[PDB]
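Same chain, two forms, each on its own as C-alpha coordinates: structure 1, then structure 2.
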Structure 1
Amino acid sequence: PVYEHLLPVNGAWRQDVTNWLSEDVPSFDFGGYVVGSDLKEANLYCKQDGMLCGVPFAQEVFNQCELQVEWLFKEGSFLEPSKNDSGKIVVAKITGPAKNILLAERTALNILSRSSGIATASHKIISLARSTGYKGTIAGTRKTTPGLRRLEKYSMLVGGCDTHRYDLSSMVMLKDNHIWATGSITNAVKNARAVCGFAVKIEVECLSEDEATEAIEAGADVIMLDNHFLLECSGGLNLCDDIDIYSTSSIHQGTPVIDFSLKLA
(Lines of atoms letter the chains of each structure in order from A and count residues from 1; the text may use other names and numbers.)
(Lines give C-alpha, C1' and ligand atoms only; values in the text may rest on other atoms or scores of the structure.)
Protein backbone atom coordinates (compact mmCIF):
# COMPACT_ATOMS: atom_id res chain seq x y z
CA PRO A 1 0.00 0.00 0.00
CA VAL A 2 0.89 3.70 -0.20
CA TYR A 3 0.87 5.95 2.86
CA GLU A 4 0.01 9.06 0.86
CA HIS A 5 -3.27 7.33 -0.01
CA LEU A 6 -4.37 8.11 3.56
CA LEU A 7 -4.77 11.72 2.38
CA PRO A 8 -8.11 12.38 0.63
CA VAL A 9 -7.66 13.49 -3.00
CA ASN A 10 -9.17 16.75 -1.79
CA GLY A 11 -9.91 18.22 1.63
CA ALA A 12 -8.74 20.84 4.11
CA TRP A 13 -5.10 19.71 4.05
CA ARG A 14 -4.70 21.11 0.54
CA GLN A 15 -6.07 24.46 1.77
CA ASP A 16 -3.49 24.23 4.61
CA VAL A 17 -0.80 24.26 1.94
CA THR A 18 -2.33 27.31 0.28
CA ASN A 19 -2.37 29.11 3.63
CA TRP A 20 1.26 28.23 4.26
CA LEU A 21 2.09 29.98 0.98
CA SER A 22 0.03 33.02 1.99
CA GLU A 23 1.83 33.05 5.34
CA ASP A 24 5.05 33.57 3.38
CA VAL A 25 3.73 36.17 0.94
CA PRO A 26 1.26 38.56 2.60
CA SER A 27 1.68 41.14 -0.18
CA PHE A 28 4.27 40.83 -2.96
CA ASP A 29 7.09 38.44 -3.83
CA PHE A 30 9.87 40.91 -4.63
CA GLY A 31 12.37 38.14 -5.38
CA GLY A 32 10.02 36.43 -7.80
CA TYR A 33 9.83 39.72 -9.68
CA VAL A 34 13.59 40.10 -10.01
CA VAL A 35 14.16 36.47 -11.04
CA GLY A 36 11.41 36.07 -13.64
CA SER A 37 9.59 33.14 -15.20
CA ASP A 38 12.33 31.55 -17.32
CA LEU A 39 12.13 27.77 -17.01
CA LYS A 40 14.78 26.38 -14.68
CA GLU A 41 15.98 23.03 -13.37
CA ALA A 42 16.46 22.30 -9.68
CA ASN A 43 17.60 19.47 -7.42
CA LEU A 44 16.12 18.87 -3.99
CA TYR A 45 18.89 17.74 -1.65
CA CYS A 46 18.75 15.75 1.58
CA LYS A 47 21.73 16.83 3.70
CA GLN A 48 21.34 14.59 6.76
CA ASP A 49 20.92 10.87 7.44
CA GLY A 50 17.27 10.09 8.14
CA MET A 51 13.96 8.84 6.77
CA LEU A 52 12.26 10.74 3.94
CA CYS A 53 8.75 11.92 4.88
CA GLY A 54 6.21 14.58 3.96
CA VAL A 55 6.40 13.82 0.24
CA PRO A 56 2.69 14.26 -0.53
CA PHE A 57 2.68 17.59 1.32
CA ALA A 58 5.78 18.97 -0.41
CA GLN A 59 4.29 17.76 -3.70
CA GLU A 60 1.10 19.73 -3.08
CA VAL A 61 3.25 22.83 -2.60
CA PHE A 62 5.00 22.11 -5.89
CA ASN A 63 1.65 21.44 -7.59
CA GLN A 64 0.15 24.74 -6.45
CA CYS A 65 3.34 26.48 -7.58
CA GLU A 66 2.84 24.80 -10.97
CA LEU A 67 6.12 22.89 -11.16
CA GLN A 68 7.17 19.50 -12.50
CA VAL A 69 8.75 17.17 -9.97
CA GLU A 70 10.26 13.69 -10.11
CA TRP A 71 11.02 12.02 -6.79
CA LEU A 72 14.11 9.81 -6.86
CA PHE A 73 13.09 7.97 -3.69
CA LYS A 74 9.89 6.45 -2.34
CA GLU A 75 8.56 8.03 0.83
CA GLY A 76 9.73 6.07 3.86
CA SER A 77 13.19 5.53 2.39
CA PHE A 78 16.16 5.89 4.71
CA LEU A 79 18.69 8.25 3.17
CA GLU A 80 22.34 8.35 4.01
CA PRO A 81 24.16 11.25 2.53
CA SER A 82 26.57 9.69 5.03
CA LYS A 83 29.04 9.19 2.30
CA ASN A 84 29.75 12.91 1.57
CA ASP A 85 31.08 11.53 -1.58
CA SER A 86 29.27 14.88 -1.74
CA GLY A 87 27.54 15.08 1.60
CA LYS A 88 24.06 15.17 0.21
CA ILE A 89 21.60 13.33 -1.97
CA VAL A 90 19.29 14.46 -4.77
CA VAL A 91 15.84 13.23 -3.78
CA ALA A 92 13.88 15.12 -6.41
CA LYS A 93 14.28 16.93 -9.72
CA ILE A 94 12.19 20.07 -10.26
CA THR A 95 11.40 22.14 -13.36
CA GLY A 96 9.35 25.28 -13.85
CA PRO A 97 9.43 29.12 -13.90
CA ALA A 98 12.29 30.51 -11.85
CA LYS A 99 10.00 32.53 -9.57
CA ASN A 100 7.69 29.56 -8.96
CA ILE A 101 10.59 27.38 -7.80
CA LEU A 102 11.98 29.94 -5.35
CA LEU A 103 8.48 30.56 -3.96
CA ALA A 104 7.81 26.89 -3.16
CA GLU A 105 11.31 26.29 -1.79
CA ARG A 106 11.26 27.36 1.86
CA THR A 107 7.71 26.13 2.53
CA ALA A 108 8.42 22.78 0.85
CA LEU A 109 11.69 22.37 2.77
CA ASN A 110 10.04 23.39 6.05
CA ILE A 111 7.64 20.50 5.52
CA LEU A 112 10.21 17.88 4.53
CA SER A 113 12.71 18.72 7.25
CA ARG A 114 10.07 18.51 10.00
CA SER A 115 8.12 15.55 8.67
CA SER A 116 11.36 13.60 8.07
CA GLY A 117 12.58 14.50 11.53
CA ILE A 118 9.44 13.11 13.15
CA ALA A 119 9.53 9.99 10.96
CA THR A 120 13.22 9.47 11.72
CA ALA A 121 12.71 9.76 15.48
CA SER A 122 9.62 7.55 15.34
CA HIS A 123 11.54 4.88 13.43
CA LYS A 124 14.49 5.03 15.72
CA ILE A 125 12.39 4.41 18.71
CA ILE A 126 10.32 1.51 17.42
CA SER A 127 13.20 -0.26 15.79
CA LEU A 128 15.07 0.22 18.96
CA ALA A 129 12.35 -1.07 21.06
CA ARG A 130 11.91 -3.84 18.60
CA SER A 131 15.44 -5.02 18.77
CA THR A 132 14.79 -6.02 22.33
CA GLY A 133 12.27 -8.47 21.08
CA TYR A 134 9.35 -6.40 22.28
CA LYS A 135 6.23 -7.31 20.31
CA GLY A 136 3.98 -4.51 21.50
CA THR A 137 3.63 -1.06 19.99
CA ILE A 138 5.10 2.40 20.49
CA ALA A 139 2.59 5.19 20.14
CA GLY A 140 2.39 8.95 20.05
CA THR A 141 0.29 11.52 21.86
CA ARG A 142 -1.81 14.60 21.39
CA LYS A 143 1.08 16.87 22.16
CA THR A 144 1.32 17.85 18.53
CA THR A 145 2.16 21.21 16.98
CA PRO A 146 -0.93 23.46 16.85
CA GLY A 147 -2.38 23.39 13.36
CA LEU A 148 0.02 20.70 12.17
CA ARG A 149 -1.53 17.52 13.61
CA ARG A 150 -2.42 15.81 10.33
CA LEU A 151 1.17 16.18 9.08
CA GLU A 152 2.80 14.99 12.32
CA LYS A 153 0.49 12.00 12.86
CA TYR A 154 1.06 11.03 9.25
CA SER A 155 4.80 11.20 9.91
CA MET A 156 4.49 8.98 12.97
CA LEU A 157 2.92 6.31 10.75
CA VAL A 158 5.60 6.48 8.08
CA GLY A 159 8.14 6.10 10.85
CA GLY A 160 6.58 2.77 11.80
CA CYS A 161 4.89 3.96 15.00
CA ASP A 162 1.26 4.02 16.13
CA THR A 163 -0.37 7.45 16.06
CA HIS A 164 -2.40 6.73 19.09
CA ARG A 165 -5.76 8.51 19.26
CA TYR A 166 -6.06 11.33 16.73
CA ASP A 167 -8.02 13.78 18.90
CA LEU A 168 -10.65 14.16 21.64
CA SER A 169 -13.42 13.02 19.30
CA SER A 170 -11.69 9.70 18.75
CA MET A 171 -11.04 7.16 21.49
CA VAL A 172 -12.35 8.36 24.85
CA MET A 173 -9.61 8.74 27.46
CA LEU A 174 -10.90 8.91 31.02
CA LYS A 175 -8.91 10.01 34.08
CA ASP A 176 -9.47 10.48 37.81
CA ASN A 177 -11.19 13.79 37.02
CA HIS A 178 -13.94 12.05 35.07
CA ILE A 179 -14.01 9.04 37.44
CA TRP A 180 -15.04 10.70 40.70
CA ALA A 181 -17.00 13.21 38.63
CA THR A 182 -19.65 10.51 38.18
CA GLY A 183 -18.93 8.50 41.31
CA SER A 184 -16.79 5.63 40.03
CA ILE A 185 -14.78 4.32 37.10
CA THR A 186 -17.88 2.28 36.27
CA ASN A 187 -20.04 5.41 35.99
CA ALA A 188 -17.44 7.37 34.04
CA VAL A 189 -17.05 4.49 31.60
CA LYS A 190 -20.82 3.98 31.38
CA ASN A 191 -21.48 7.64 30.57
CA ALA A 192 -18.64 7.66 28.04
CA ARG A 193 -20.05 4.54 26.39
CA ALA A 194 -23.49 6.18 26.50
CA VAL A 195 -22.27 8.83 24.06
CA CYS A 196 -19.41 7.26 22.09
CA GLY A 197 -21.23 4.00 21.44
CA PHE A 198 -19.76 0.77 20.08
CA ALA A 199 -17.73 2.28 17.22
CA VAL A 200 -15.22 3.98 19.52
CA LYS A 201 -12.93 2.57 22.22
CA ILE A 202 -12.80 3.86 25.81
CA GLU A 203 -9.48 4.07 27.66
CA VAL A 204 -9.17 4.58 31.42
CA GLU A 205 -6.08 5.64 33.24
CA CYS A 206 -5.54 3.71 36.45
CA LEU A 207 -2.86 3.53 39.14
CA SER A 208 -3.71 0.31 40.99
CA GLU A 209 -4.86 -3.28 40.45
CA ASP A 210 -8.50 -3.03 41.55
CA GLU A 211 -8.95 0.21 39.60
CA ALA A 212 -7.86 -1.54 36.43
CA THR A 213 -10.19 -4.33 37.17
CA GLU A 214 -13.31 -2.32 37.69
CA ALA A 215 -12.53 -0.56 34.44
CA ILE A 216 -12.35 -3.88 32.70
CA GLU A 217 -15.67 -4.90 34.15
CA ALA A 218 -17.15 -1.55 33.23
CA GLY A 219 -16.36 -2.13 29.58
CA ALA A 220 -13.12 -0.19 29.09
CA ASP A 221 -11.20 -1.19 25.95
CA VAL A 222 -7.79 0.02 27.16
CA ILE A 223 -6.21 0.67 30.57
CA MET A 224 -3.37 3.15 31.05
CA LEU A 225 -1.14 2.44 34.03
CA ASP A 226 1.13 5.45 33.47
CA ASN A 227 4.71 5.54 34.74
CA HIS A 228 -10.96 -7.97 25.40
CA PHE A 229 -8.59 -5.30 26.75
CA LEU A 230 -5.15 -3.83 26.09
CA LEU A 231 -2.59 -2.34 28.48
CA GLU A 232 -0.58 0.84 28.05
CA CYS A 233 2.15 2.68 29.89
CA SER A 234 2.78 6.29 29.21
CA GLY A 235 5.85 8.42 29.45
CA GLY A 236 8.60 5.96 29.05
CA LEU A 237 11.67 7.07 27.23
CA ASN A 238 14.56 4.70 28.05
CA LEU A 239 11.66 -0.77 30.91
CA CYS A 240 9.93 -2.82 28.21
CA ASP A 241 7.58 -5.22 29.99
CA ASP A 242 4.90 -7.18 28.16
CA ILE A 243 2.44 -4.30 28.02
CA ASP A 244 0.69 -3.71 24.69
CA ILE A 245 1.37 0.00 24.28
CA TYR A 246 4.07 2.45 25.31
CA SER A 247 3.17 6.10 24.71
CA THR A 248 5.75 8.84 24.40
CA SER A 249 5.72 12.30 22.85
CA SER A 250 9.40 11.65 22.09
CA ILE A 251 8.78 10.34 18.59
CA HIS A 252 7.11 13.59 17.47
CA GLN A 253 7.55 16.45 19.95
CA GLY A 254 10.74 18.48 20.25
CA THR A 255 12.56 16.26 17.74
CA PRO A 256 15.56 17.25 15.63
CA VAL A 257 14.86 18.15 12.01
CA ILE A 258 16.40 16.58 8.88
CA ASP A 259 18.14 19.23 6.74
CA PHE A 260 17.19 19.61 3.07
CA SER A 261 18.09 22.22 0.46
CA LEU A 262 17.12 23.18 -3.08
CA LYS A 263 19.37 24.55 -5.82
CA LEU A 264 18.78 25.73 -9.38
CA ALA A 265 21.10 24.30 -12.04
Structure 2
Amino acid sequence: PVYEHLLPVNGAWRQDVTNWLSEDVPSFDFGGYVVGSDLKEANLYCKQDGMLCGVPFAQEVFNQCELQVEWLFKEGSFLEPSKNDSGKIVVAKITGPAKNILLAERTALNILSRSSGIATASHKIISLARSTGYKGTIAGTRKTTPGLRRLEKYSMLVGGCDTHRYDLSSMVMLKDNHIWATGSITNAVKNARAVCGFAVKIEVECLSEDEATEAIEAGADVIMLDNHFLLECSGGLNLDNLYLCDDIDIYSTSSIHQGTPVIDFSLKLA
Protein backbone atom coordinates (compact mmCIF):
# COMPACT_ATOMS: atom_id res chain seq x y z
CA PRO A 1 0.00 0.00 0.00
CA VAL A 2 1.02 3.64 -0.38
CA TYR A 3 0.96 6.01 2.58
CA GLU A 4 0.16 9.06 0.51
CA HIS A 5 -3.12 7.30 -0.24
CA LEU A 6 -4.25 8.34 3.23
CA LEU A 7 -4.60 11.85 1.80
CA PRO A 8 -7.95 12.62 0.13
CA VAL A 9 -7.48 13.55 -3.53
CA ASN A 10 -8.92 16.90 -2.48
CA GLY A 11 -9.53 18.50 0.88
CA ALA A 12 -8.18 21.15 3.25
CA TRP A 13 -4.61 19.84 3.21
CA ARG A 14 -4.27 21.35 -0.28
CA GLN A 15 -5.50 24.78 0.77
CA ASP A 16 -2.85 24.55 3.49
CA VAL A 17 -0.16 24.40 0.79
CA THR A 18 -1.62 27.40 -0.92
CA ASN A 19 -1.77 29.28 2.38
CA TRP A 20 1.88 28.41 2.95
CA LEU A 21 2.85 29.96 -0.39
CA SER A 22 0.91 33.09 0.52
CA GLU A 23 2.80 33.13 3.79
CA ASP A 24 5.95 33.49 1.73
CA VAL A 25 4.64 36.05 -0.75
CA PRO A 26 2.16 38.46 0.85
CA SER A 27 2.54 40.93 -2.04
CA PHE A 28 5.19 40.49 -4.75
CA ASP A 29 7.91 37.97 -5.64
CA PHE A 30 10.69 40.30 -6.79
CA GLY A 31 13.00 37.36 -7.44
CA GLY A 32 10.65 35.79 -9.96
CA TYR A 33 10.36 39.07 -11.82
CA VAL A 34 14.10 39.34 -12.15
CA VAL A 35 14.54 35.65 -12.97
CA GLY A 36 11.80 35.29 -15.55
CA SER A 37 9.93 32.29 -16.90
CA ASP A 38 12.63 30.54 -18.93
CA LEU A 39 12.51 26.77 -18.49
CA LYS A 40 15.25 25.41 -16.28
CA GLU A 41 16.12 22.10 -14.69
CA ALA A 42 17.03 21.51 -11.06
CA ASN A 43 18.09 18.84 -8.61
CA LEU A 44 16.54 18.40 -5.20
CA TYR A 45 19.23 17.21 -2.81
CA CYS A 46 19.01 15.45 0.51
CA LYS A 47 22.05 16.57 2.48
CA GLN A 48 21.91 14.30 5.53
CA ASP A 49 21.40 10.62 6.35
CA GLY A 50 17.73 9.98 7.04
CA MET A 51 14.32 8.83 5.86
CA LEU A 52 12.62 10.68 3.00
CA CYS A 53 9.22 11.96 4.12
CA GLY A 54 6.67 14.49 2.90
CA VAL A 55 6.69 13.54 -0.79
CA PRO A 56 3.02 14.15 -1.59
CA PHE A 57 3.09 17.39 0.39
CA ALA A 58 6.11 18.66 -1.52
CA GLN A 59 4.48 17.35 -4.68
CA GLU A 60 1.45 19.53 -3.98
CA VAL A 61 3.77 22.54 -3.78
CA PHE A 62 5.27 21.56 -7.11
CA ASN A 63 1.87 21.14 -8.74
CA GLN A 64 0.45 24.49 -7.57
CA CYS A 65 3.68 26.04 -8.82
CA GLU A 66 3.07 24.27 -12.13
CA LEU A 67 6.29 22.30 -12.40
CA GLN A 68 7.28 18.88 -13.71
CA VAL A 69 8.91 16.64 -11.13
CA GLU A 70 10.37 13.15 -11.27
CA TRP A 71 11.15 11.45 -7.99
CA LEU A 72 14.15 9.13 -7.89
CA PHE A 73 13.18 7.46 -4.62
CA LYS A 74 9.95 6.28 -3.02
CA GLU A 75 8.72 7.87 0.17
CA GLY A 76 10.11 6.00 3.14
CA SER A 77 13.45 5.31 1.52
CA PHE A 78 16.41 5.64 3.87
CA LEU A 79 19.01 8.03 2.45
CA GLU A 80 22.70 8.06 3.30
CA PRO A 81 24.35 10.99 1.47
CA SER A 82 27.28 10.65 3.90
CA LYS A 83 28.31 7.44 2.15
CA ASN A 84 28.59 9.60 -0.97
CA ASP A 85 31.62 11.51 -2.26
CA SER A 86 29.68 14.74 -2.74
CA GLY A 87 27.82 14.22 0.53
CA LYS A 88 24.46 14.81 -1.13
CA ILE A 89 21.90 12.72 -3.01
CA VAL A 90 19.53 13.82 -5.76
CA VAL A 91 16.06 12.68 -4.71
CA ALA A 92 14.11 14.50 -7.40
CA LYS A 93 14.53 16.10 -10.81
CA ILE A 94 12.48 19.21 -11.51
CA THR A 95 11.71 21.23 -14.62
CA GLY A 96 9.68 24.36 -15.26
CA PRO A 97 9.63 28.18 -15.45
CA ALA A 98 12.55 29.63 -13.55
CA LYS A 99 10.46 31.84 -11.23
CA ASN A 100 8.14 28.94 -10.41
CA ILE A 101 11.03 26.75 -9.28
CA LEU A 102 12.46 29.40 -6.99
CA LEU A 103 9.03 30.20 -5.53
CA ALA A 104 8.43 26.55 -4.63
CA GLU A 105 11.92 26.02 -3.26
CA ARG A 106 11.82 27.17 0.37
CA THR A 107 8.30 26.07 1.20
CA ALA A 108 8.92 22.65 -0.39
CA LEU A 109 12.17 22.16 1.48
CA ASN A 110 10.64 23.29 4.77
CA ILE A 111 8.17 20.45 4.23
CA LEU A 112 10.71 17.73 3.42
CA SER A 113 13.29 18.71 6.03
CA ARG A 114 10.75 18.57 8.87
CA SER A 115 8.73 15.66 7.56
CA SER A 116 11.90 13.59 7.13
CA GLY A 117 13.28 14.66 10.49
CA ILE A 118 10.22 13.23 12.19
CA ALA A 119 10.05 10.15 9.96
CA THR A 120 13.70 9.55 10.81
CA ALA A 121 13.27 10.07 14.57
CA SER A 122 10.25 7.80 14.68
CA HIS A 123 12.02 5.10 12.67
CA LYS A 124 15.09 5.16 14.92
CA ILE A 125 13.03 4.65 18.05
CA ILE A 126 10.71 2.02 16.66
CA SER A 127 13.55 -0.02 15.19
CA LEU A 128 15.51 0.55 18.38
CA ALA A 129 12.70 -0.89 20.45
CA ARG A 130 12.17 -3.68 17.92
CA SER A 131 15.80 -4.75 18.22
CA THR A 132 15.34 -5.59 21.92
CA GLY A 133 12.59 -8.02 21.00
CA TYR A 134 9.73 -5.74 22.03
CA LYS A 135 6.54 -6.75 20.22
CA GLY A 136 4.33 -3.84 21.28
CA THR A 137 3.77 -0.40 19.76
CA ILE A 138 5.51 2.97 19.98
CA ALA A 139 3.14 5.90 19.55
CA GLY A 140 3.12 9.68 19.39
CA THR A 141 0.99 12.31 21.16
CA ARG A 142 -1.07 15.47 20.63
CA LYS A 143 1.91 17.70 21.37
CA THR A 144 2.17 18.59 17.71
CA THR A 145 3.01 21.76 15.83
CA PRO A 146 -0.03 24.08 15.76
CA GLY A 147 -1.46 23.86 12.27
CA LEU A 148 0.97 21.18 11.12
CA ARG A 149 -0.63 18.20 12.84
CA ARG A 150 -1.66 16.43 9.62
CA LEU A 151 1.88 16.55 8.24
CA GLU A 152 3.45 15.40 11.50
CA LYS A 153 1.09 12.53 12.25
CA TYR A 154 1.59 11.41 8.66
CA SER A 155 5.35 11.40 9.10
CA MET A 156 4.98 9.34 12.25
CA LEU A 157 3.26 6.65 10.17
CA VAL A 158 5.94 6.61 7.52
CA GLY A 159 8.52 6.46 10.27
CA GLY A 160 6.90 3.19 11.22
CA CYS A 161 5.28 4.36 14.44
CA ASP A 162 1.70 4.51 15.66
CA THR A 163 0.17 7.99 15.59
CA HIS A 164 -1.98 7.36 18.65
CA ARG A 165 -5.34 9.21 18.56
CA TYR A 166 -5.41 12.17 16.23
CA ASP A 167 -7.30 14.83 18.18
CA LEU A 168 -9.71 15.34 21.11
CA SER A 169 -12.54 14.13 18.95
CA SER A 170 -11.06 10.71 18.54
CA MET A 171 -10.31 8.12 21.16
CA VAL A 172 -11.43 9.64 24.47
CA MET A 173 -8.75 10.05 27.13
CA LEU A 174 -9.60 10.65 30.77
CA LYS A 175 -6.32 12.11 31.89
CA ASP A 176 -5.10 12.90 35.33
CA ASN A 177 -8.26 13.45 36.60
CA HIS A 178 -8.96 14.93 39.97
CA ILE A 179 -10.30 17.37 37.63
CA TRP A 180 -12.36 14.73 35.95
CA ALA A 181 -13.41 15.34 38.55
CA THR A 182 -16.06 13.75 40.55
CA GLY A 183 -18.01 10.55 40.54
CA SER A 184 -15.62 7.82 39.66
CA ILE A 185 -13.56 6.49 36.90
CA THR A 186 -16.77 4.61 36.70
CA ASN A 187 -19.04 7.55 35.91
CA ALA A 188 -16.55 9.51 33.99
CA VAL A 189 -16.17 6.46 31.87
CA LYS A 190 -19.91 6.00 31.68
CA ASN A 191 -20.46 9.55 30.56
CA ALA A 192 -17.76 9.22 27.98
CA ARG A 193 -19.37 6.11 26.65
CA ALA A 194 -22.67 7.89 26.64
CA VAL A 195 -21.34 10.37 24.20
CA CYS A 196 -18.70 8.60 22.11
CA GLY A 197 -20.65 5.47 21.54
CA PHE A 198 -19.27 2.15 20.36
CA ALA A 199 -17.15 3.28 17.37
CA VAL A 200 -14.58 5.12 19.50
CA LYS A 201 -12.31 3.84 22.28
CA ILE A 202 -12.02 5.26 25.81
CA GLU A 203 -8.69 5.47 27.61
CA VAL A 204 -8.19 6.07 31.31
CA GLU A 205 -4.98 7.29 32.92
CA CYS A 206 -4.94 5.14 36.08
CA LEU A 207 -2.80 5.06 39.24
CA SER A 208 -3.44 1.70 40.95
CA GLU A 209 -4.33 -1.95 40.35
CA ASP A 210 -7.72 -0.78 41.59
CA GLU A 211 -7.86 2.27 39.33
CA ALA A 212 -7.24 0.13 36.26
CA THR A 213 -9.62 -2.62 37.31
CA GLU A 214 -12.32 -0.03 37.94
CA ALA A 215 -11.69 1.18 34.41
CA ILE A 216 -11.56 -2.32 32.94
CA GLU A 217 -14.76 -2.59 34.96
CA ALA A 218 -16.40 0.52 33.51
CA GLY A 219 -15.35 -0.78 30.11
CA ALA A 220 -12.30 1.33 29.26
CA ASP A 221 -10.57 0.08 26.11
CA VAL A 222 -7.12 1.24 27.13
CA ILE A 223 -5.29 1.80 30.39
CA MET A 224 -2.68 4.55 30.75
CA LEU A 225 -0.45 4.12 33.80
CA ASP A 226 1.95 7.05 33.29
CA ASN A 227 4.36 5.79 36.00
CA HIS A 228 -9.65 -6.82 24.89
CA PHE A 229 -8.08 -4.05 27.00
CA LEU A 230 -4.66 -2.53 26.32
CA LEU A 231 -1.87 -1.21 28.53
CA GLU A 232 -0.04 1.99 27.69
CA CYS A 233 3.03 3.42 29.39
CA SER A 234 3.79 7.08 28.74
CA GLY A 235 6.03 9.86 29.99
CA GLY A 236 9.56 11.03 29.28
CA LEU A 237 10.61 8.10 27.12
CA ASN A 238 13.32 8.59 24.49
CA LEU A 239 16.10 7.00 22.49
CA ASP A 240 18.20 6.98 25.55
CA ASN A 241 18.06 4.53 28.33
CA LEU A 242 15.08 4.26 28.47
CA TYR A 243 15.44 -0.13 26.56
CA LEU A 244 13.27 -0.53 29.66
CA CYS A 245 10.27 -1.86 27.75
CA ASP A 246 8.40 -4.92 28.97
CA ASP A 247 5.20 -6.66 27.94
CA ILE A 248 2.88 -3.66 28.14
CA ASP A 249 1.06 -2.79 24.89
CA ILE A 250 1.84 0.85 24.22
CA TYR A 251 4.69 3.25 24.80
CA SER A 252 3.89 6.82 23.78
CA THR A 253 6.40 9.63 23.48
CA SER A 254 6.65 13.05 21.85
CA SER A 255 10.34 12.47 21.20
CA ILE A 256 9.48 10.93 17.85
CA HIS A 257 7.84 14.12 16.66
CA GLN A 258 8.24 17.20 18.92
CA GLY A 259 11.53 19.04 19.30
CA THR A 260 13.26 16.82 16.76
CA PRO A 261 16.17 17.82 14.54
CA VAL A 262 15.59 18.20 10.82
CA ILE A 263 16.98 16.45 7.74
CA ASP A 264 18.73 18.99 5.48
CA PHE A 265 17.54 19.35 1.87
CA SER A 266 18.65 21.49 -0.99
CA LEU A 267 17.78 22.75 -4.40
CA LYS A 268 19.93 24.14 -7.15
CA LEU A 269 19.33 24.82 -10.83
CA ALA A 270 21.42 23.20 -13.54
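Structure 1's sequence is the ruler for residue numbers, which start at 1. We call the rigid core whatever largest set of C-alpha positions still superposes within 1.5 Å between the two forms.
For the listed set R130, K190, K143, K175, the sole C-alpha moving 2 Å or more between structures 1 and 2 on a rigid core superposition is that of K175. Taking the rigid core as reference, the CA displacement of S82 between structures 1 and 2 comes to 1.4 Å. Aligning the rigid core between structures 1 and 2 leaves the CA of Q68 offset by 0.1 Å.
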